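Student: So that we are looking at the same thing, I have put the structure below in structure tokens.
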Amino acid sequence: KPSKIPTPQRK
Amino acid sequence: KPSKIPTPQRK
Amino acid sequence: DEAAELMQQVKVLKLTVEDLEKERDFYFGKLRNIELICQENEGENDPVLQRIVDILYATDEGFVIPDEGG
Amino acid sequence: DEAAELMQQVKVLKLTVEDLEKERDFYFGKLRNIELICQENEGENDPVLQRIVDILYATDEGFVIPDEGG
């Protein structure tokens with residue numbers, strides 16, 4: 001699934 | 001808004 | 001040192017807490033807007049709204065639901 | 001005692017971590033199923049799906065979006 005949803009970076 | 005969505009209890 | 005690990009723990013936990021609750025809060029605020037959006041468009045209860053309410057209501061045993069009794 | 005507070009901290013942080021990441025994980029797993037559901041029913045892009053994609057995409061400055069560049 002398309003990783004465009006907001007995240008942090010973290011690790 | 002209607003507090004039916006799953007939670008923990010916590011506090 | 002004993003407390004050196006302990007204080008480093010609170011470091012890692014602070015970090016995990018800040019990573020955790022930053023997302024917990026952000027993600028949950030998002031969830032608040034989906035629940036009432038379902039009642040905004042129940043009227044037209046398309047499949048998405050049947051599968052995302054399943055999402056919102058993805059509860060199981062061991063998990064608490066508020067206002068339990070109807 | 002110095003370490004007594006520190007070890008109690010990890011207690012509170014453990015507790016906050018367990019409270020936090022239990023919801024962070026549960027809530028986020030729910031979020032994974034909404035995103036692809038939008039592409040399951042884009043076709044019929046009703047208002048809910050316009051306002052919950054706004055939900056899913058509720059990003060702002062200071063917040064990281066993956067796959068940034070289109």
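A note on labels: chains of the structure tokens are A, B, ... as shown, every chain counts residues from 1, and ligands are counted from 1 in their shown order.
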Residues at most 12 Å from residue 42 in chain D, counting only C-alpha atoms, excluding those fewer than 5 positions away in the same chain, as JSON, numbers by chain?
Tutor: {"C": [46, 47, 48], "D": [34, 35, 36, 37, 47, 48, 49, 50, 52, 53]}
Student: For the residues selected in the previous step, produce a file with C-alpha atoms as a PDB file, in the first residue's frame.
Tutor:
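Saved as selection.pdb:
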ATOM      1  CA  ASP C  46     -21.733   3.159   0.039  1.00  0.00           C
ATOM      2  CA  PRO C  47     -19.386   0.109   0.424  1.00  0.00           C
ATOM      3  CA  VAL C  48     -16.443   2.273   1.590  1.00  0.00           C
TER       4      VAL C  48
ATOM      5  CA  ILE D  34      -8.941   3.334   4.858  1.00  0.00           C
ATOM      6  CA  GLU D  35      -6.287   4.515   2.406  1.00  0.00           C
ATOM      7  CA  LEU D  36      -6.689   1.600  -0.001  1.00  0.00           C
ATOM      8  CA  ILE D  37     -10.460   1.763   0.480  1.00  0.00           C
ATOM      9  CA  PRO D  47     -18.225  13.756  -0.220  1.00  0.00           C
ATOM     10  CA  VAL D  48     -17.241  11.452   2.681  1.00  0.00           C
ATOM     11  CA  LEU D  49     -14.401  10.167   0.579  1.00  0.00           C
ATOM     12  CA  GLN D  50     -13.380  13.737  -0.190  1.00  0.00           C
ATOM     13  CA  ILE D  52     -11.817  11.533   4.825  1.00  0.00           C
ATOM     14  CA  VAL D  53      -9.008  11.694   2.272  1.00  0.00           C
TER      15      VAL D  53
END
Student: Give me, as a list in words, all polymer residues having an atom no more than 7 Å from residue 9 in chain A, counting only C-alpha atoms and skipping those fewer than 2 positions away in the same chain.
Tutor: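 My list of contacting residues is residues 7 and 11 of chain A; 64 of chain D.
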Student: Write to file, as an mmCIF file, in the first residue's frame, the residues of the selection just made, with C-alpha atoms.
Tutor:
data_model
loop_
_atom_site.group_PDB
_atom_site.id
_atom_site.type_symbol
_atom_site.label_atom_id
_atom_site.label_comp_id
_atom_site.auth_asym_id
_atom_site.auth_seq_id
_atom_site.Cartn_x
_atom_site.Cartn_y
_atom_site.Cartn_z
ATOM 1 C CA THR A 7 4.476 9.837 8.994
ATOM 2 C CA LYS A 11 13.510 4.804 11.753
ATOM 3 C CA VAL D 64 6.670 14.078 7.299
#
Student: May I have a table of the residues of chain A lying at most 6 Å from chain D, giving each one's closest pair of atoms and their distance in Å to one decimal, counting only C-alpha atoms, ordered by chain and ascending residue number, as JSON lines?
Tutor:
{"residue": "A:3", "atom": "CA", "partner": "D:66", "partner_atom": "CA", "distance": 5.8}
{"residue": "A:4", "atom": "CA", "partner": "D:66", "partner_atom": "CA", "distance": 5.0}
{"residue": "A:6", "atom": "CA", "partner": "D:65", "partner_atom": "CA", "distance": 4.2}
{"residue": "A:7", "atom": "CA", "partner": "D:64", "partner_atom": "CA", "distance": 5.1}
{"residue": "A:8", "atom": "CA", "partner": "D:64", "partner_atom": "CA", "distance": 5.0}
